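upload.cif, holding mmCIF, C-alpha atoms; chains and numbers go by the auth columns:
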```cif
data_final
#
loop_
_atom_site.group_PDB
_atom_site.id
_atom_site.type_symbol
_atom_site.label_atom_id
_atom_site.label_comp_id
_atom_site.label_asym_id
_atom_site.label_seq_id
_atom_site.Cartn_x
_atom_site.Cartn_y
_atom_site.Cartn_z
_atom_site.B_iso_or_equiv
_atom_site.auth_seq_id
_atom_site.auth_asym_id
ATOM 1 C CA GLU A 1 208.736 127.958 153.908 0.00 1 X
ATOM 2 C CA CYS A 2 205.909 128.063 151.330 0.00 2 X
ATOM 3 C CA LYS A 3 205.931 130.818 148.668 0.00 3 X
ATOM 4 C CA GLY A 4 203.379 133.552 149.488 0.00 4 X
ATOM 5 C CA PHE A 5 201.232 135.596 147.084 0.00 5 X
ATOM 6 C CA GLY A 6 203.211 137.116 144.190 0.00 6 X
ATOM 7 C CA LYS A 7 206.478 135.217 144.920 0.00 7 X
ATOM 8 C CA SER A 8 208.498 133.259 142.340 0.00 8 X
ATOM 9 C CA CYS A 9 207.645 129.537 142.579 0.00 9 X
ATOM 10 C CA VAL A 10 209.366 126.295 141.748 0.00 10 X
ATOM 11 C CA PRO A 11 207.830 125.497 138.273 0.00 11 X
ATOM 12 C CA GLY A 12 205.670 122.562 139.424 0.00 12 X
ATOM 13 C CA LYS A 13 203.475 124.269 142.131 0.00 13 X
ATOM 14 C CA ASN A 14 205.812 122.542 144.639 0.00 14 X
ATOM 15 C CA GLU A 15 206.095 125.626 146.934 0.00 15 X
ATOM 16 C CA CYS A 16 202.989 127.907 146.805 0.00 16 X
ATOM 17 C CA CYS A 17 201.086 128.117 150.153 0.00 17 X
ATOM 18 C CA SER A 18 197.528 126.960 151.002 0.00 18 X
ATOM 19 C CA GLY A 19 195.208 129.091 148.808 0.00 19 X
ATOM 20 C CA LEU A 20 197.756 129.702 145.975 0.00 20 X
ATOM 21 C CA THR A 21 198.759 128.100 142.644 0.00 21 X
ATOM 22 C CA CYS A 22 201.730 128.991 140.412 0.00 22 X
ATOM 23 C CA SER A 23 200.876 130.752 137.124 0.00 23 X
ATOM 24 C CA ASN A 24 202.114 129.227 133.845 0.00 24 X
ATOM 25 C CA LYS A 25 202.804 132.707 132.340 0.00 25 X
ATOM 26 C CA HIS A 26 204.177 134.707 135.325 0.00 26 X
ATOM 27 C CA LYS A 27 205.841 131.744 137.166 0.00 27 X
ATOM 28 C CA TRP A 28 204.676 133.190 140.521 0.00 28 X
ATOM 29 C CA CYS A 29 202.078 132.188 143.147 0.00 29 X
ATOM 30 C CA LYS A 30 198.545 133.590 142.617 0.00 30 X
ATOM 31 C CA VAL A 31 195.217 133.038 144.406 0.00 31 X
ATOM 32 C CA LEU A 32 193.709 129.552 143.857 0.00 32 X
ATOM 33 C CA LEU A 33 190.566 130.416 145.858 0.00 33 X
#
```
Structure translated into structure tokens:
Amino acid sequence: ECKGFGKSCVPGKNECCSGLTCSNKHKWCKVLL
């Protein structure tokens, strides 16, 4: 299951759902679009 908005990613953007991208600073998924 892909990591939704404001959920702690795998550092690599390996998990964040379609329309998300993991922040460098926060290490959580945030809106790509």
Worksheet item: Could you spell out the hits of the PyMOL selection byres ((chain X and resi 4-15) around 7) on the shown file, as a ChimeraX atom specification?
Response: /X:2-3,16-17,20-22,27-30
Take every atom of range 14-21 of chain X listed in the file, fit an axis-aligned box around them, add 3 Å per side, and give the centre and edge lengths in Å to one decimal as JSON.
```
{"center_x": 200.7, "center_y": 126.1, "center_z": 146.8, "size_x": 16.9, "size_y": 13.2, "size_z": 14.4}
```
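Within a radius of 6 Å around (193.2, 131.6, 145.6), the polymer residues are residues 19, 20, 31, 32 and 33 of chain X, counting only C-alpha atoms.
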